[PDB]
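1. From the sequence below, what's the structure:
(32 chains)
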32 protein chains.
Amino acid sequence: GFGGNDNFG
Amino acid sequence: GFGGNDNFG
Amino acid sequence: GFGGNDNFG
Amino acid sequence: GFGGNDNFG
Amino acid sequence: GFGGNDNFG
Amino acid sequence: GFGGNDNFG
Amino acid sequence: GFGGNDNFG
Amino acid sequence: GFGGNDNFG
Amino acid sequence: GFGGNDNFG
Amino acid sequence: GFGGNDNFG
Amino acid sequence: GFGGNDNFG
Amino acid sequence: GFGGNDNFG
Amino acid sequence: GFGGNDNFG
Amino acid sequence: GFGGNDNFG
Amino acid sequence: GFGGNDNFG
Amino acid sequence: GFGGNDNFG
Amino acid sequence: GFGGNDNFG
Amino acid sequence: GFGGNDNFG
Amino acid sequence: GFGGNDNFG
Amino acid sequence: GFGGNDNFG
Amino acid sequence: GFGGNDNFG
Amino acid sequence: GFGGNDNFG
Amino acid sequence: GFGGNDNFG
Amino acid sequence: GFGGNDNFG
Amino acid sequence: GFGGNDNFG
Amino acid sequence: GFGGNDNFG
Amino acid sequence: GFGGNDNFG
Amino acid sequence: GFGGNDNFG
Amino acid sequence: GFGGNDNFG
Amino acid sequence: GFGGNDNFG
Amino acid sequence: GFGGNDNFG
Amino acid sequence: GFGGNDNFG
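-> Numbers count the residues shown, from 1 in each chain, chains lettered A, B, ... in the order given. Take a look:
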């Protein structure tokens, strides 16, 4: 359900 | 032809 | 989550 | 008896 | 000469 | 590129 | 609801 | 095209 | 009792 | 559509 | 996604 | 001790 | 309803 | 001397 | 050198 | 996706 | 460096 | 589908 | 010279 | 621990 | 209905 | 490319 | 009658 | 749908 | 010694 | 590094 | 009675 | 298309 | 395109 | 006489 | 007709 | 990436 370019680090 | 990281349900 | 009769060009 | 393209969430 | 998803009653 | 429930003629 | 004597073609 | 009970002749 | 050029439908 | 002695050609 | 006591007659 | 038809999201 | 060569892409 | 593309009725 | 629906009467 | 009666020289 | 009890859809 | 530290009692 | 998640239409 | 679409020259 | 020495290119 | 009635002496 | 690299996609 | 002389890098 | 995609008549 | 349609004289 | 290198297209 | 005595060098 | 003494960790 | 980890293009 | 020590990348 | 006549003494 998100964009796709994520960085939960 | 669209962005690339999408959510369609 | 969406209607159902959709047109993704 | 209803529309035809429907998502019941 | 119609065309489309339809709901008669 | 066009809608999806069309009547041509 | 509906009856008859119609044309859906 | 037409539809319904009719009476020709 | 009519007569002549005609189209139906 | 139409129907008669439509000489054609 | 719903309370639940629903009726689609 | 709650209703019974619940939508725990 | 219509007539011709047609590039319905 | 007609031509093109015609929808004759 | 021309289009291909021509009607040289 | 083009007209149909063309003269690409 | 995040909590630990998560829902990543 | 939630946080994760829940106590339905 | 570019990322990797591309879409050449 | 970084984005994902990078150009380290 | 035309001359007779034509060059339909 | 020409008419048709030519005379190259 | 054309230069050559040409792309009729 | 593109030119033909490209340097995808 | 010239362009490479040329049209000489 | 460059396009593709070149003529280094 | 003419040059010798002429174009009659 | 052209004269006849041409000297593309 | 970079120095040489790197430590992507 | 120079560093040792270099990137001469 | 150029220098000689060039970079056509 | 560079000219070509260098003297990295």
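
2. the strands in chain A, which residues?
-> Counting by DSSP state E, chain A forms no strands at all.

3. Can you name the residue of it that approaches chain AE most closely?
-> residue A:5 (30.0 Å; Cβ to the nearest Cβ). C-betas here are computed from N, CA, C, even on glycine.

4. I'd like the distance from the residue nearest to residue A:2 when sequence neighbours are not counted to chain J, if you could.
-> Distances taken as Cβ to Cβ, 6 or more residues apart in numbering or on different chains place residue B:7 nearest to residue A:2, at 6.6 Å, with adjacent residues excluded. According to Cβ to the nearest Cβ, to the nearest Å, residue B:7 stands 49 Å off from chain J.

5. Equivalent analysis for residue A:5, please.
-> Taking Cβ to the nearest Cβ, one finds residue A:5 at 57 Å from chain J.

6. What's the local residue count around that residue?
-> 13 (other Cβ atoms under 10 Å in any protein chain shown).

7. wait, doesn't it sit right on residue T:5?
-> Yes: counting by Cβ atoms under 8 Å, residue A:5 does reach residue T:5; the two are 7.1 Å apart.

8. Report the spatially nearest residue to the residue lying farthest from the centre of chain A, omitting neighbours in sequence.
-> Seen from the C-alpha centroid of chain A, the residue lying at the greatest distance (Cα atoms, centre = their mean) is residue A:9, 10.2 Å away. If the residues on either side of it in the chain are set aside, residue A:9 comes closest to residue T:1, at 5.5 Å by Cβ to Cβ, 6+ apart.

9. Residue A:8 now?
-> residue Q:2 (6.1 Å).

10. right, and the one you found touches residue R:4 too?
-> No: contact criterion Cβ under 8 Å: residue Q:2 and residue R:4 do not qualify, at 11.6 Å.

11. Tell me which of those two has more neighbours.
-> When residue Q:2 and residue R:4 are compared for neighbours, residue R:4 comes out ahead with 10 against 7, by other Cβ under 10 Å.

12. any idea how far chain M is from the more buried one?
-> From residue R:4 to chain M the distance is 51 Å (Cβ to the nearest Cβ).

13. show me the contacts for that residue.
-> By Cβ atoms under 8 Å, 6 or more residues apart in numbering or on different chains, the residues touching residue R:4 are Q:4, Q:5, Q:6, Q:7.
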